[PDB]
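*Asks:* Take this structure first; my questions come after.
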Amino acid sequence: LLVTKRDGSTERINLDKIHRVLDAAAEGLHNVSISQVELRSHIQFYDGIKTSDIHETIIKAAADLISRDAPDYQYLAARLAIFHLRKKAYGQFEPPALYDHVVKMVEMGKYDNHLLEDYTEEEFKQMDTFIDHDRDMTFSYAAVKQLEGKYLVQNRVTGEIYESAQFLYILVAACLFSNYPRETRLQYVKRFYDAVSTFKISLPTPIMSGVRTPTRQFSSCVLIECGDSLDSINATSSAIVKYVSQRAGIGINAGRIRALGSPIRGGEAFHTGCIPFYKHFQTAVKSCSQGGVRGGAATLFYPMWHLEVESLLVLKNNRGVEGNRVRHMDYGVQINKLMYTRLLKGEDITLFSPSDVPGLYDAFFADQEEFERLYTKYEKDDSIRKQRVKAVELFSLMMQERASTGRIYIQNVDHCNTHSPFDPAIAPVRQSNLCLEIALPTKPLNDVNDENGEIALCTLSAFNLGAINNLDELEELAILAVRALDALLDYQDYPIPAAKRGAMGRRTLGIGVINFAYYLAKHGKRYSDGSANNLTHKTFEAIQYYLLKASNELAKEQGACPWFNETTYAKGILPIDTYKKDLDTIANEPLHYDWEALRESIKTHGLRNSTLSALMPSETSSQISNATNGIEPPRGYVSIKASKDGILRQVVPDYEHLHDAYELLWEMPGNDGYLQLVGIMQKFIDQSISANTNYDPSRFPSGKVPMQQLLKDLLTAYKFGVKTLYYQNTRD
Amino acid sequence: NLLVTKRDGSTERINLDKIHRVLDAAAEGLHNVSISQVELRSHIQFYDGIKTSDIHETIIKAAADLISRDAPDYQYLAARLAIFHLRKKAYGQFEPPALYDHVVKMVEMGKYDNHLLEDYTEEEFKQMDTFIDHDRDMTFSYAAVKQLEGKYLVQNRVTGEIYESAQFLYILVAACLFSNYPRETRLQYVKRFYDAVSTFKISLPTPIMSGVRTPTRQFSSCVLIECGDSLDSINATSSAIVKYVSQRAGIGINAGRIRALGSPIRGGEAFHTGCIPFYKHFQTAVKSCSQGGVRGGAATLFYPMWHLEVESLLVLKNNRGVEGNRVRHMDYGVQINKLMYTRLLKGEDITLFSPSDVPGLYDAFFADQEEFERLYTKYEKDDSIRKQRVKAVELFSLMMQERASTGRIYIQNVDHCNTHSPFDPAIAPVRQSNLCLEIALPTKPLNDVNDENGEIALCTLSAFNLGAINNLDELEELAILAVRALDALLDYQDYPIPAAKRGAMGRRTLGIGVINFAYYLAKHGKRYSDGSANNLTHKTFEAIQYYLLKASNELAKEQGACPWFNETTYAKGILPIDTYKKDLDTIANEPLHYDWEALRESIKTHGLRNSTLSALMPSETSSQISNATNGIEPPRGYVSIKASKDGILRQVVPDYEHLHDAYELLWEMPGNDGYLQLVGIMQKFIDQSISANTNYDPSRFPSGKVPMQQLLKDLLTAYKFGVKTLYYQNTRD
Ligand SMILES: Nc1nc2c(ncn2[C@@H]2O[C@H](COP(=O)(O)OP(=O)(O)OP(=O)(O)O)[C@@H](O)[C@H]2O)c(=O)[nH]1
Ligand SMILES: Nc1nc2c(ncn2[C@@H]2O[C@H](COP(=O)(O)OP(=O)(O)OP(=O)(O)O)[C@@H](O)[C@H]2O)c(=O)[nH]1
Ligand SMILES: Nc1ncnc2c1ncn2[C@H]1C[C@H](O)[C@@H](COP(=O)(O)OP(=O)(O)OP(=O)(O)O)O1
Ligand SMILES: Nc1ncnc2c1ncn2[C@H]1C[C@H](O)[C@@H](COP(=O)(O)OP(=O)(O)OP(=O)(O)O)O1
Ligand SMILES: Nc1ncnc2c1ncn2[C@H]1C[C@H](O)[C@@H](COP(=O)(O)OP(=O)(O)OP(=O)(O)O)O1
Ligand SMILES: Nc1ncnc2c1ncn2[C@H]1C[C@H](O)[C@@H](COP(=O)(O)OP(=O)(O)OP(=O)(O)O)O1
Ligand SMILES: [Mg+2]
Ligand SMILES: [Mg+2]
Ligand SMILES: [Mg+2]
Ligand SMILES: [Mg+2]
């Protein structure tokens, strides 16, 4: 009959105090039972119970009641969690003054001191009025767990929470626009805060947990190209180590490395194979990882016509010996038009070493016409070392390993340059990143501190389609998103001189979208029927237009990027000009915006950023806005994920009214409907799209997916101009 | 009635007299050889239409199979037969062409360096041709010629064409090394050095034999790299390794400075992930240039025993465990000092520290044993410093256990490597070794692959053939030839890394060893285990070090001492005879036979051209050329059998006919106590270290298993007599 207070005092138990708290968390909720929570909670009560354990008891009780029938329990248990977190950080419900909060935290060394230098005490009072702490009640239960675990500033030793959700949002906006003139500074701070607090703009994990702290490591996407020399490989290795220490994803292009047996220095020595060097890359990636599990991940890229391509495709399978296996990395095979042609004609594919075929590698990315000329020229030459393999067998081996592992990716390099914001003659795209959504120009290094090399970096973000009521809201959101990320480029640090060159030179951005599945449900569309084709075209048009429009107006203000002349935009080329013309057979939606006026505006003033749009996967940042993971359809109406505090349940947004409007992953007939949508997106997307292929063994005879079906969807994707292919999800 | 096929494609009646004529020429001066026996086994294999080249290779293989204990001279019969065919492959006839005519032809083909025709005139080539005695090719053993044809002789690696003979190799190596010498003495040094290597007095390493005359400049075969505790250093070390394993060099890695798992980074901004993930990155850097990750570059990694993760690093080679905590394709050397052995004898505990948490403990561990014991006990009594306690008996047992199972877990006594060292521990201490643990040179970590402040230790090797000399005073002539040649190579070879060039040009370190030591003891009727060779060893290695120092000292008078000579103990007038382990006086009473005091005053005044000179390395390739016993190690058998591409190669111990009972085989030895004592005596004069092997026969022990008590016994026995390092532990199966 007694409870233990926080200070150590004791008082008789009061069920009215508990009932009073539950009522505050149930405001506006439907199908929620206060008594049901108390039933599951009172039975757990014991004499001498800590008051903190009481609160965590009713939280877990409400969290277990999260179901399809009553989705509003995800908000009930969330608000209960918010209440407890307020006490842990402030000792009371209402947060202290913003200025008083910052000053205390700066002394503790949790916030950066530059906040008090760029902003006066009076300006902090003004920004405090912008804050609406009641927006913390809009978080889902899964969202709060992500906040407490990853985003919120806390003591990693004791577990003490030091801040709340709204202080995070308002200070991220403060830091990014800290260098803006006072005339417009506080105005941008409020507008950007309202965007992120109302879940209109989703920010990556390193940004949410970083941009207010003394740290300056915000790079989470790294692309490195390796040259064919010991000096380049050593430089690449050192470059990887530097970035995996900052927990960044690495994209390695090691296609230039010559094949096994190739002569060195005219025959003074002979090559020992690419595999020993791939192992050296892997250990460089896993150098700062406890053991050899999880940690830094990396994706290695190589052309299909490589001589050792038969050896590189089978690096991930569990069989075989360690001598011919490099399992802890992902791989992406680079394919162009000529390869698919040999597949359709059922002819042969000739394998060459990039050191034996002059200019063949360069043409493979920049000029498909020149490539076919050089490829056929070297095929008829008998002096050049080569190997013949049937196109049907080669493609079968690739898709076979892609089926078993699910981590063998495909990049159509010809589409990555014919439909690209970059000039293939000046700065071609030869690779991608970890999740294959980034397509940026790269240049190999001869040293770790080489100032002539170019390491591609990219800052990410995402639009929440479920938080907007119409497409014309994107005009405001684009201005906020572009200006914020562009400011971060001058805010973050660069451990490698070559990486800073690429970042400052092109100022590349990559903004994507989340809650696409819920976005289709609101408009009553689906994936596999192709009923969302015209809607998709209308949607992503408004995205790309307003992004370019935002960057263009920014270029008028602060000037275009230094390396803008290396872009196609400088020559007046728009994404609507170089898209795959096969898309016209599956979409007839007209353009709703003035691209012609934008074209002349870009030709004149330029763009602040070389790239702007890129569709990345979001598993962490999506749960914050309670959104569907990126563009992928949900596997179930309620996702179940075990955690440290128990089982976390997350319900799809507005399940109450759209339970039949949703289309689950395994309710889909095939991938043809999905790929068509991806291709339409690619028409406006500057870079690439992390598209997943899905297969259900039960939907096929003998419980096995036929090879003919794999090649069918593969050719289908290429037909509609799909640049890259990510995961291949196989149902168990 | 049978016919053979000539080289041109012609055909001729079989002629057994032509074959018998060849065999007689190859059997001149040989004993207990039967020509008819060879012809009996050869004629039966003959078929109609046989190529004349197949005929020659048939009588060679026939004579090679007759190599036995009863008739050891068959190793010279088959050898001379092999020489005959090699003469035909390169010259098209028996007698080699003129030296000048040969060089010109080879330079045009791009097989020889063009600088030979630039540094020497046609007249000077004619003079050097007179030095050449092509009849010395008949002094090679069968195993030697096979090594020549395979590794040393300049050849086309594609077609397999041989382009030269044995004598042209020797005379041109001498020509290149002494090419920069003044004309007044140049050709004089060329002849003397040629006579030394052709008569097998001086043995040269593989990269020198196969390199010094060709356009290449890669002769570095020994690399020592120290890794610092930073991302910049590890990346630099990794890049440094790759460049040298590409040149097929042995690597010595010092990664003891790397902080332990859990250690805070930048005040706690991040936490360390362990030394093991970085050791894996080193291994792939080592095996980067290997056709599979096997044959290529090997490396030995070093770490102190008092390291915090020493329990995890000791078990990296065993077949057990998962890949997450195993790095099997590298060798390891545990660094031990006096204080560690002290805790072992008293049966106390050893405290484990992270080198980042104990200021100056790492430096004192090598430079100051007195300061170390002060700091070690001081930090042991501190409770604020993170530590772990383990029993000394358990820790040493774990080390020797892995050394027993793998045989590649090595031991380096760091205190002996600095108290008895040619270097000042306060200025340039020795913190590591190389692949075979015979090299002990100062090193400094790099912050970049092209750092000019770092120091990568390189060393050029060589060996004296004790079985080829008649007396120890012959070493005086051989030392002058050996030292001057290797010192000239230092300015001849290239350096892919600036830090390596600094160490090479700064100290000019050399490492000359010995071969045919087992045969050397047999001639004097001595043995290993009885300690009857103790006084002989003391006399022998004294003459070695003395003549080496004397040669380098007079060279310093001629061309100046090394730039970093002031950092040596020799500069302060300290000799190896001053800092040796005083426990050696109980096992050897042989007096000094040379004037060390006159040498002492000569070094203080003029200095030494080289910081180091003596180092006993293992020799398996260079030894077979001189038909010598492998280094200082005793032979496992009277006749060694080793399979090859052309069949089974048999090699008989030198002068088996007269010394069959004088020899003491490896497994005929009672224990290691006799062997270690000899090694300890050698260390008294040797500048660097000695690749000493420990041997154990399970059959000589009860229950067929070697006890832990015996392993620790020999370990303490070795340390007692000042043994610096321990190499292989050969266990008979
Ligand atoms: N929604 C809401 N929650 C509040 C408010 N005031 C406090 N809380 C939260 O409700 C919980 C209990 O608050 P208290 O005011 O201390 O009430 P109590 O613990 O039942 O009673 P006391 O013995 O007076 O402390 C804590 O998690 C507070 O953060 C409020 O005005 N609104
Ligand atoms: N030791 C020695 N070997 C010789 C001499 N002359 C030739 N040889 C070697 O003996 C082998 C046979 O030499 P040839 O002169 O060609 O004699 P042949 O092959 O029996 O006769 P032909 O049919 O005339 O060639 C070759 O390996 C020669 O190198 C010599 O004077 N001394
Ligand atoms: N006397 C009580 N009996 C039962 N439950 C109580 C009692 N007082 C508070 N609770 C409930 C209310 C919340 O759901 C939960 C946590 O309350 P909380 O306010 O954080 O602790 P506290 O009241 O002991 O400290 P504080 O002095 O900081 O308010 O406990
Ligand atoms: N010793 C070696 N063993 C195996 N592979 C090697 C070796 N040396 C270099 N390689 C690899 C690394 C590179 O991929 C390639 C050689 O390229 P590089 O380092 O630029 O040498 P190089 O410039 O001297 O000669 P090349 O004219 O052939 O490029 O072969
Ligand atoms: N007619 C022969 N019948 C049998 N053996 C022969 C005959 N002629 C030479 N031999 C032996 C001598 C050697 O042991 C071996 C190789 O002879 P070799 O001289 O190298 O080849 P070759 O005589 O066919 O060509 P070349 O014209 O270059 O001398 O064959
Ligand atoms: N993110 C990381 N994860 C794991 N290990 C790391 C990481 N960063 C560095 N290390 C390793 C490399 C070094 O051995 C050690 C840190 O030393 P160093 O690279 O010099 O960093 P530092 O100079 O910035 O800080 P410190 O003051 O700790 O030396 O830990
Ligand atoms: Mg309370
Ligand atoms: Mg090159
Ligand atoms: Mg002949
Ligand atoms: Mg540091």
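*Asks:* Would you mind finding the one in A:337, A:316 that is buried (at least 19 other Cβ atoms within 10 Å of the Cβ), basic (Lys, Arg) and within 26 Å of residue A:434 (Cα to Cα)? Write out each step before concluding.
*Replies:* Numbers: A:337 fails: buried (at least 19 other Cβ atoms within 10 Å of the Cβ).
Just a single option satisfies the conditions, and that option is A:316.
*Asks:* Of A:589, A:600, which residue is of a type in the set (D, E, K, R) and either out of contact with any helix residue (DSSP H, G or I) (no Cβ under 8 Å at 6 or more places or on another chain) or crowded, with 19+ Cβ neighbours inside 10 Å (or both)? Outline the logic, then answer.
*Replies:* On the way: A:589 fails: either out of contact with any helix residue (DSSP H, G or I) (no Cβ under 8 Å at 6 or more places or on another chain) or crowded, with 19+ Cβ neighbours inside 10 Å (or both).
Result of the check over A:589, A:600: A:600.
*Asks:* Filtering region A:194-233 down to residues that are within 16 Å of ligand 4 (Cβ to nearest atom) and part of a loop (DSSP other than H, G, I, E, B), which residue is nearest to the other protein chains (Cβ to nearest Cβ)?
*Replies:* First pass over region A:194-233, keeping only residues within 16 Å of ligand 4 (Cβ to nearest atom): A:224-233.
Checking which are part of a loop (DSSP other than H, G, I, E, B) leaves us with A:226-229.
Numbers: A:226: 13, A:227: 14, A:228: 14, A:229: 11 Å.
Among those residues, the one meeting the criterion is A:229.
*Asks:* Scan region B:47-60 and tell me whether some residue there is of a type in the set (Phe, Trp, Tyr), surrounded by fewer than 16 Cβ atoms within 10 Å (Cβ to Cβ) and either within 16 Å of ligand 6 (Cβ to nearest atom) or away from chain A (no Cβ under 14 Å) (or both).
*Replies:* If we filter region B:47-60 for residues that are of a type in the set (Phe, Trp, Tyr), which is where we start, we get B:47.
Within this subset, residues satisfying the condition of being surrounded by fewer than 16 Cβ atoms within 10 Å (Cβ to Cβ) are B:47.
Restricting the remaining residues to those that are either within 16 Å of ligand 6 (Cβ to nearest atom) or away from chain A (no Cβ under 14 Å) (or both) gives B:47.
Yes, region B:47-60 contains at least one residue that is of a type in the set (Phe, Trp, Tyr), surrounded by fewer than 16 Cβ atoms within 10 Å (Cβ to Cβ) and either within 16 Å of ligand 6 (Cβ to nearest atom) or away from chain A (no Cβ under 14 Å) (or both).
*Asks:* I would also like to ask the following. Out of all the residues in region A:332-388, which are touching a helix residue (DSSP H, G or I) at 6+ places or on another chain (Cβ under 7 Å) and closer than 26 Å to residue A:272 by Cβ?
*Replies:* Scanning region A:332-388 gives A:333, A:349, A:350, A:351, A:352, A:354, A:357, A:359, A:360, A:364, A:378, A:384.
*Asks:* Any idea which of B:271, B:302 is in contact (Cβ under 8 Å) with a residue 40 or more places away in the chain and either more than 8 Å from chain A (Cβ to nearest Cβ) or within 19 Å of residue A:291 (Cβ to Cβ) (or both)?
*Replies:* Details: B:271 fails: in contact (Cβ under 8 Å) with a residue 40 or more places away in the chain.
The match here is B:302.
*Asks:* Then there's this: Picking from B:197, B:286, B:212, which residue would you name as being more than 16 Å from ligand 9 (Cβ to nearest atom), crowded, with 20+ Cβ neighbours inside 10 Å and closer than 24 Å to residue B:414 by Cβ? Steps first, answer last, please.
*Replies:* Working: B:197 fails: closer than 24 Å to residue B:414 by Cβ; B:212 fails: closer than 24 Å to residue B:414 by Cβ.
Result of the check over B:197, B:286, B:212: B:286.
*Asks:* Answer yes if at least one residue in region A:132-142 is over 28 Å from the mean Cα position of the chain (by Cα), small (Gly, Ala, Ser) and assigned by TED's automatic domain parsing to the domain that holds residue A:27, and no otherwise.
*Replies:* The answer is no, given that none of the residues of region A:132-142 is over 28 Å from the mean Cα position of the chain (by Cα), small (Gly, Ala, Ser) and assigned by TED's automatic domain parsing to the domain that holds residue A:27.
*Asks:* Which members of region B:393-418 meet the condition of being free of Cβ contacts under 8 Å to residues at least 60 places away in the same chain and in contact with a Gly (Cβ under 7 Å, 6 or more places away or on another chain)?
*Replies:* B:393
*Asks:* Under the condition of being within 11 Å of chain B (Cβ to nearest Cβ) and of a type in the set (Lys, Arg), which residue from region A:234-267 is surrounded by the most Cβ atoms within 10 Å (Cβ to Cβ)?
*Replies:* Filtering region A:234-267 for residues within 11 Å of chain B (Cβ to nearest Cβ) gives A:234-247, A:260-261, A:263-267.
Restricting the remaining residues to those that are of a type in the set (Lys, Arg) gives A:242, A:247, A:265.
Values: A:242: 23, A:247: 16, A:265: 7.
Filtering first and then ranking leaves A:242.
Residues are listed down the side, and each one gets a yes or a no for (1) among the polar types (S, T, N, Q); (2) in contact with a helix residue (DSSP H, G or I) (Cβ under 7 Å, 6 or more places away or on another chain):
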{"site": "B:656", "(1), (2)": "no, no"}
{"site": "B:661", "(1), (2)": "no, no"}
{"site": "B:673", "(1), (2)": "no, yes"}
{"site": "B:676", "(1), (2)": "no, yes"}
{"site": "B:703", "(1), (2)": "yes, no"}
{"site": "B:713", "(1), (2)": "no, no"}
{"site": "B:727", "(1), (2)": "no, no"}
{"site": "B:733", "(1), (2)": "no, no"}
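*Asks:* Something else about it: Tell me, please, whether a residue that is away from chain A (no Cβ under 14 Å), surrounded by fewer than 17 Cβ atoms within 10 Å (Cβ to Cβ) and either of a type in the set (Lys, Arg) or without any contact (Cβ under 8 Å) to a residue 24 or more places away in the chain (or both) can be found in region B:463-478.
*Replies:* Within region B:463-478, one or more residues are away from chain A (no Cβ under 14 Å), surrounded by fewer than 17 Cβ atoms within 10 Å (Cβ to Cβ) and either of a type in the set (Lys, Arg) or without any contact (Cβ under 8 Å) to a residue 24 or more places away in the chain (or both).
*Asks:* Here are B:53, B:36: which of them is more than 16 Å from ligand 2 (Cβ to nearest atom), assigned to a helix (DSSP H, G or I), small (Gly, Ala, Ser) and without any contact (Cβ under 8 Å) to a residue 60 or more places away in the chain?
*Replies:* B:36
*Asks:* Give me a count of the residues in region B:346-385 that are in contact (Cβ under 8 Å) with a residue 60 or more places away in the chain and touching a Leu at 6+ places or on another chain (Cβ under 8 Å).
*Replies:* Of the residues in region B:346-385, 3 are in contact (Cβ under 8 Å) with a residue 60 or more places away in the chain and touching a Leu at 6+ places or on another chain (Cβ under 8 Å).
*Asks:* Residues that are within 23 Å of the chain's Cα centre (by Cα): which helices (runs of 4 or more DSSP H) entirely in region A:618-720 hold 2 or more of them? Steps first, please.
*Replies:* Working: elements: A:621-624, A:655-658, A:672-682, A:707-719.
So the answer is A:621-624, A:672-682, A:707-719.
*Asks:* Answer yes if at least one residue in region A:159-180 is within 22 Å of residue A:105 (Cβ to Cβ), in contact with a strand residue (DSSP E or B) (Cβ under 7 Å, 6 or more places away or on another chain) and assigned to a loop (DSSP other than H, G, I, E, B), and no otherwise. Let's see the steps before the verdict.
*Replies:* Of all residues in region A:159-180, those within 22 Å of residue A:105 (Cβ to Cβ) come to A:159-179.
Cutting the leftovers down to in contact with a strand residue (DSSP E or B) (Cβ under 7 Å, 6 or more places away or on another chain) gives us A:160-162.
The next check asks that each one be assigned to a loop (DSSP other than H, G, I, E, B); those that pass are A:160, A:162.
Taking every residue of region A:159-180 in turn, at least one turns out to be within 22 Å of residue A:105 (Cβ to Cβ), in contact with a strand residue (DSSP E or B) (Cβ under 7 Å, 6 or more places away or on another chain) and assigned to a loop (DSSP other than H, G, I, E, B).
*Asks:* Would you mind listing the helices (runs of 4 or more DSSP H) fully within region A:78-148 where at least 1 residues are polar (S, T, N, Q)?
*Replies:* Filter on region A:78-148 gives A:121-130, A:141-146.
*Asks:* May I pose another question? Out of all the residues in region B:279-286, is one or more of a type in the set (A, V, I, L, M), within 9 Å of chain A (Cβ to nearest Cβ) and closer than 30 Å to residue A:259 by Cβ? Working first, answer last.
*Replies:* Here is the first cut: in region B:279-286, the residues of a type in the set (A, V, I, L, M) are B:285-286.
Imposing the further condition that a residue be within 9 Å of chain A (Cβ to nearest Cβ) reduces the set to B:285.
Still in the running and closer than 30 Å to residue A:259 by Cβ: B:285.
Yes - at least one qualifying residue is present in region B:279-286.
*Asks:* Given (1) surrounded by fewer than 16 Cβ atoms within 10 Å (Cβ to Cβ); (2) within 26 Å of residue A:642 (Cα to Cα), identify the lone condition not met by residue A:37.
*Replies:* (1)
Using ideal geometry, Cβ is built from the backbone for each residue, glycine included, and neighbour counts are taken over all protein chains shown. All of this is worked out from the model, or read from it or from the source named; these are not laboratory values.
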